[PDB]
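The chain below stands alone and is given as structure tokens, in the form deposited in one PDB entry.
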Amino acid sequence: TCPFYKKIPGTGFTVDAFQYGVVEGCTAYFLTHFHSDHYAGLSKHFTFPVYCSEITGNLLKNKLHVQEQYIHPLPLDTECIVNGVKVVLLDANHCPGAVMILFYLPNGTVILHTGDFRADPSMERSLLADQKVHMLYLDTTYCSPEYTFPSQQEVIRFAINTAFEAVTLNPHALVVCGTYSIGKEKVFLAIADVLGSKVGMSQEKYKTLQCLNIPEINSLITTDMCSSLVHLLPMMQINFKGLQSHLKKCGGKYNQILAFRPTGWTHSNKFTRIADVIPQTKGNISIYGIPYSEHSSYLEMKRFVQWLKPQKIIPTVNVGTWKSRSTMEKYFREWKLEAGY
């Protein structure tokens, strides 16, 4: 059964609620983004209205085969009326097509649902600047002060410089990047661009990237592996055995692999700085774990919430244990007392 934190009270709306069968009284199902834990349950047999971004709608149509008649794409930054209720979609700074949703309830209450997001000061000059938000449904993935990591720009600078140095020293080196979902496309696109290469990948991954429908990505991707010196593989293959196996298939074209595993936060962030990061190495294979996050750091989250000044916060991540729930509630109270309430 559908949990309380996925229902929007005083409406017929749910958010990211496709794995619970027919939800009683739900007239419209919102989907914040195309990640599997959020879309779980959608297929060609779904017959209720789905509201989402254009990019999310492209993925629903082509990857999950949802019928066109049930897909309702909405433009960003635009007041829209859905089943008698004013809504706005805002960029979430997560993966491609990811949104936050502002709901203007009939009773005068205003709700912001962040979906998954990476909070940024630029959100302080969105349509959020205008008015009061009563309730915030918050992506609390990294809601603890130990969760630190660098900016996306700093991580990409490291990856570009590392890859360019390696291939300039050894023109016969291959670069490999791991993936298991949409998001983090900058890692492989930025490396390919500096090396003057397209990114080679499976037909299935090519299809997914096409669905994003953006010319710059299309110009840098191919299914012809032999023509490319940056290859994408499933994240599960980014290990010494998997990479050894892959190098055999390349027909003596390469004699070294440099590989990148984009992760989220890992405990090595507590000790090491991005500039001091070193790889795991075995013979002619090296693997770098790089902390490229598409979720807010603790400090980014705190800044956003202290700016927004919501009356109530409902966490949507780490909700399963009493320890997690208690810890998050203590941070929200600290932030409030500091902020002057």
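Throughout, rigid core stands for the largest set of C-alpha atoms superposing within 1.5 Å between the two forms. The numbering used is simple: start at 1 and walk along the sequence shown. Shifts are known only where both forms have a C-alpha.
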query: Between 95-103 and 81-89 (mean CA B-factor, as deposited), the higher; finding: 81-89
query: Higher-scoring stretch by recorded Cα B factor average, 223-231 or 148-156; finding: 223-231
query: Member of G252, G200, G178, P121 with the greatest C-alpha B factor (per the PDB record); finding: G252
query: Residue with highest C-alpha B-factor in the PDB entry, from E54, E294, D276, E300; finding: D276
query: Position of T47 among the chain's modelled residues by C-alpha B-factor, lowest, middle or highest third; finding: highest
query: Record-listed C-alpha B factor of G108: chain third; finding: highest
query: Within-chain third of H72 by Cα B-factor, per the entry; finding: middle
query: Ranked against its chain, the third holding the CA B-factor of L243; finding: highest
query: Position of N218 among the chain's modelled residues by C-alpha B-factor, lowest, middle or highest third; finding: middle
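What follows is about the form deposited with a small molecule bound, which we do not show.
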{"item": "Region of this chain that lies against the small molecule in the deposited complex, out of 221-229, 193-201, 67-75, 140-148 [heavy atom, 4.5 Å]", "value": "140-148"}
{"item": "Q210 within 4.5 Å of the small molecule in the deposited complex, heavy atoms", "value": "no"}
{"item": "Heavy atom of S43 within 4.5 Å of the small molecule in the deposited complex", "value": "no"}
{"item": "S36: touches the small molecule in the deposited complex, heavy atom cutoff 4.5 angstroms", "value": "yes"}
{"item": "In the deposited complex, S181 touching the small molecule (heavy atom, 4.5 Å)", "value": "yes"}
{"item": "C-alpha displacement of 2 Å or more between this form and the one not shown on the rigid core, among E79, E204, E216, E146", "value": "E216"}
{"item": "Residue ranges moving between this form and the one not shown (criterion: at least three consecutive CA positions shifted 2 angstroms or more, core aligned)", "value": "213-218"}
